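Coordinates from start07.json are shown below (JSON, C-alpha atoms (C1' of nucleotides)).
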```
[["chain", "number", "residue", "atom", "x", "y", "z"],
["A", 209, "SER", "CA", 0.00, 0.00, 0.00],
["A", 210, "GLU", "CA", 0.90, 3.70, -0.15],
["A", 211, "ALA", "CA", -0.75, 4.76, 3.13],
["A", 212, "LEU", "CA", 2.26, 3.52, 5.10],
["A", 213, "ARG", "CA", 4.40, 5.17, 2.40],
["A", 214, "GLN", "CA", 2.85, 8.61, 2.88],
["A", 215, "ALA", "CA", 2.90, 8.09, 6.66],
["A", 216, "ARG", "CA", 6.64, 7.31, 6.60],
["A", 217, "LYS", "CA", 7.22, 10.21, 4.20],
["A", 218, "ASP", "CA", 5.39, 12.65, 6.48],
["A", 219, "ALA", "CA", 7.14, 11.31, 9.59],
["A", 220, "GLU", "CA", 10.56, 11.30, 7.90],
["A", 221, "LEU", "CA", 10.17, 14.95, 6.89],
["A", 222, "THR", "CA", 9.91, 16.24, 10.44],
["A", 223, "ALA", "CA", 12.19, 18.88, 11.95],
["A", 224, "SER", "CA", 13.31, 18.63, 15.57],
["A", 225, "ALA", "CA", 15.89, 20.29, 17.81],
["A", 226, "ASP", "CA", 18.39, 17.41, 17.94],
["A", 227, "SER", "CA", 21.34, 18.05, 15.64],
["A", 228, "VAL", "CA", 22.47, 14.44, 16.05],
["A", 229, "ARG", "CA", 19.29, 13.19, 14.36],
["A", 230, "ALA", "CA", 20.12, 15.38, 11.37],
["A", 231, "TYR", "CA", 23.69, 14.08, 11.43],
["A", 232, "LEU", "CA", 22.53, 10.45, 11.45],
["A", 233, "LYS", "CA", 20.10, 11.21, 8.63],
["A", 234, "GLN", "CA", 23.05, 12.78, 6.80],
["A", 235, "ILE", "CA", 25.41, 9.83, 7.25],
["A", 236, "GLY", "CA", 22.73, 7.25, 6.44],
["A", 237, "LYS", "CA", 23.04, 7.83, 2.69],
["A", 238, "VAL", "CA", 26.23, 6.13, 1.50],
["A", 239, "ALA", "CA", 26.26, 2.35, 1.73],
["A", 240, "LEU", "CA", 29.03, 0.20, 3.16],
["A", 241, "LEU", "CA", 31.69, -1.49, 1.04],
["A", 242, "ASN", "CA", 33.52, -4.80, 0.76],
["A", 243, "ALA", "CA", 37.20, -5.64, 1.03],
["A", 244, "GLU", "CA", 37.90, -5.67, -2.71],
["A", 245, "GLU", "CA", 36.40, -2.19, -3.01],
["A", 246, "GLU", "CA", 38.54, -1.09, -0.06],
["A", 247, "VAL", "CA", 41.62, -2.48, -1.82],
["A", 248, "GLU", "CA", 40.65, -0.73, -5.07],
["A", 249, "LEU", "CA", 40.04, 2.60, -3.31],
["A", 250, "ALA", "CA", 43.33, 2.39, -1.41],
["A", 251, "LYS", "CA", 45.06, 1.61, -4.71],
["A", 252, "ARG", "CA", 43.44, 4.75, -6.14],
["A", 253, "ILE", "CA", 44.57, 6.78, -3.12],
["A", 254, "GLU", "CA", 48.20, 5.68, -3.30],
["A", 255, "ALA", "CA", 48.23, 6.06, -7.09],
["A", 256, "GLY", "CA", 46.87, 9.60, -6.81],
["A", 257, "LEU", "CA", 49.49, 10.44, -4.20],
["A", 258, "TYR", "CA", 52.27, 9.07, -6.40],
["A", 259, "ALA", "CA", 50.83, 11.00, -9.35],
["A", 260, "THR", "CA", 50.77, 14.25, -7.41],
["A", 261, "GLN", "CA", 54.30, 13.50, -6.19],
["A", 262, "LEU", "CA", 55.30, 13.09, -9.83],
["A", 263, "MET", "CA", 53.61, 16.45, -10.37],
["B", 1, "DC", "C1'", 95.51, 85.63, 79.46],
["B", 2, "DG", "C1'", 98.55, 81.44, 77.36],
["B", 3, "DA", "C1'", 99.33, 76.31, 77.04],
["B", 4, "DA", "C1'", 97.77, 71.19, 77.48],
["B", 5, "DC", "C1'", 94.03, 68.18, 77.14],
["B", 6, "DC", "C1'", 89.09, 65.71, 76.25],
["B", 7, "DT", "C1'", 86.08, 64.86, 73.47],
["B", 8, "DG", "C1'", 82.74, 66.46, 69.71],
["B", 9, "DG", "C1'", 81.47, 65.08, 64.84],
["B", 10, "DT", "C1'", 84.35, 64.29, 60.46],
["B", 11, "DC", "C1'", 86.55, 61.86, 57.28],
["B", 12, "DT", "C1'", 90.35, 58.27, 54.80],
["B", 13, "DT", "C1'", 92.34, 54.05, 54.22],
["B", 14, "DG", "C1'", 93.58, 49.26, 54.61],
["B", 15, "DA", "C1'", 91.96, 44.89, 55.33],
["B", 16, "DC", "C1'", 88.26, 41.40, 55.67],
["B", 17, "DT", "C1'", 84.51, 39.15, 54.18],
["B", 18, "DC", "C1'", 80.19, 37.79, 52.62],
["B", 19, "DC", "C1'", 76.61, 36.97, 49.83],
["B", 20, "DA", "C1'", 74.16, 37.72, 45.29],
["B", 21, "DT", "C1'", 74.81, 36.65, 40.12],
["B", 22, "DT", "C1'", 75.65, 34.08, 36.53],
["B", 23, "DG", "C1'", 76.99, 29.76, 34.65],
["B", 24, "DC", "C1'", 77.75, 25.04, 33.47],
["B", 25, "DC", "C1'", 76.74, 20.32, 33.84],
["B", 26, "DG", "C1'", 74.71, 16.21, 35.01],
["B", 27, "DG", "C1'", 70.77, 14.11, 36.20],
["B", 28, "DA", "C1'", 65.49, 13.66, 37.33],
["B", 29, "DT", "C1'", 60.90, 14.60, 36.29],
["B", 30, "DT", "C1'", 57.53, 16.10, 33.43],
["B", 31, "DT", "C1'", 54.94, 16.94, 29.37],
["B", 32, "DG", "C1'", 53.85, 16.08, 24.47],
["B", 33, "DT", "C1'", 53.42, 12.95, 20.10],
["B", 34, "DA", "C1'", 53.34, 8.46, 17.45],
["B", 35, "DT", "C1'", 51.90, 3.63, 17.46],
["B", 36, "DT", "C1'", 49.41, -0.71, 18.57],
["B", 37, "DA", "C1'", 46.62, -5.42, 11.64],
["B", 38, "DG", "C1'", 40.88, -10.89, 13.26],
["B", 39, "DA", "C1'", 36.07, -8.36, 12.89],
["B", 40, "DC", "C1'", 33.27, -5.17, 14.90],
["B", 41, "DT", "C1'", 29.67, 0.15, 10.70],
["B", 42, "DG", "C1'", 23.10, 4.97, 12.19],
["B", 43, "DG", "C1'", 21.08, 7.36, 20.41],
["B", 44, "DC", "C1'", 19.08, 9.17, 23.08],
["B", 45, "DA", "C1'", 15.66, 14.18, 29.39],
["B", 46, "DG", "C1'", 11.32, 15.17, 28.43],
["B", 47, "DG", "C1'", 7.52, 16.43, 29.89],
["B", 48, "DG", "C1'", 4.32, 19.38, 31.75],
["B", 49, "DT", "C1'", 1.98, 24.06, 32.83],
["B", 50, "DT", "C1'", 0.34, 28.67, 31.66],
["B", 51, "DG", "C1'", -0.45, 32.35, 29.00],
["B", 52, "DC", "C1'", -0.65, 34.98, 24.66],
["B", 53, "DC", "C1'", -0.36, 35.78, 19.62],
["B", 54, "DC", "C1'", -1.07, 34.40, 14.48],
["B", 55, "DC", "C1'", -3.54, 32.02, 10.68],
["B", 56, "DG", "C1'", -7.92, 29.35, 8.83],
["B", 57, "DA", "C1'", -13.08, 28.14, 8.34],
["B", 58, "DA", "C1'", -17.21, 30.64, 8.16],
["B", 59, "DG", "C1'", -21.19, 33.67, 8.24],
["B", 60, "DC", "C1'", -22.26, 37.10, 5.55],
["B", 61, "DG", "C1'", -23.30, 41.20, 3.40],
["B", 62, "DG", "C1'", -22.37, 43.65, -0.52],
["B", 63, "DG", "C1'", -21.07, 43.48, -5.33],
["B", 64, "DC", "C1'", -22.41, 40.65, -9.34],
["B", 65, "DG", "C1'", -25.45, 38.37, -12.89]]
```

Here is a file; write its structure as structure tokens.
Amino acid sequence: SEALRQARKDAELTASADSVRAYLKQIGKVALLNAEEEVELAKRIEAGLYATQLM
DNA sequence: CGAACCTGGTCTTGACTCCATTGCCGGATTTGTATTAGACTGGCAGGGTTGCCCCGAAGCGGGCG
């Protein structure tokens, strides 16, 4: 149904005084990774650092 | 009245000496930074009370047809 959808949409778009709730809503966007993605990203980091050292 | 003296601050000099002032050096202690490789991935005061001000339905009366 869409009644629970509009209920969750109305309850999710509520403003409060807690900044930590906004921070958790902020950090809840990007999903977690796996070890091969971590290896690939660290490869990219070290390669970019060697490239800017070459620069 | 003239001479010798006693004692007043007054002041120099030679010697002693004593304690602050750096100063170095060695060590003790004290404070500041870097590092720990299994994996671990989204919380909690909190409401309740009292009083006053700002926007929305609603009669509703006047303009409209």

**Asked** If we count only C-alpha atoms (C1' of nucleotides), which residues of chain B reach to within 9 Å of chain A? Please list them as number ranges by chain.
**Response** B: 41-43

Please produce a file of the residues just selected, as a PDB file, in the frame of the given file, where the atoms kept are C-alpha atoms (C1' of nucleotides).
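Saved the output as out19.pdb:
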```pdb
ATOM      1  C1'  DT B  41      29.670   0.150  10.700  1.00  0.00           C
ATOM      2  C1'  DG B  42      23.100   4.970  12.190  1.00  0.00           C
ATOM      3  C1'  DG B  43      21.080   7.360  20.410  1.00  0.00           C
TER       4       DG B  43
END
```

**Å distance separating CA of residue 223 in chain A from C1' of residue 57 in chain B, one decimal place** = 27.2 Å

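One finds CA of residue 256 in chain A at 18.2 Å from CA of residue 244 in chain A.
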
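As for CA of residue 230 in chain A and CA of residue 215 in chain A, they are spaced 19.3 Å apart.
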
Taking all atoms of range 10-21 of chain B that the file lists, what box with edges along x, y and z, padded by 8 Å per side, do you get, with centre and edge lengths in Å to one decimal, as AutoDock Vina command-line options?
```
--center_x 83.9 --center_y 50.5 --center_z 50.3 --size_x 35.4 --size_y 43.6 --size_z 36.3
```
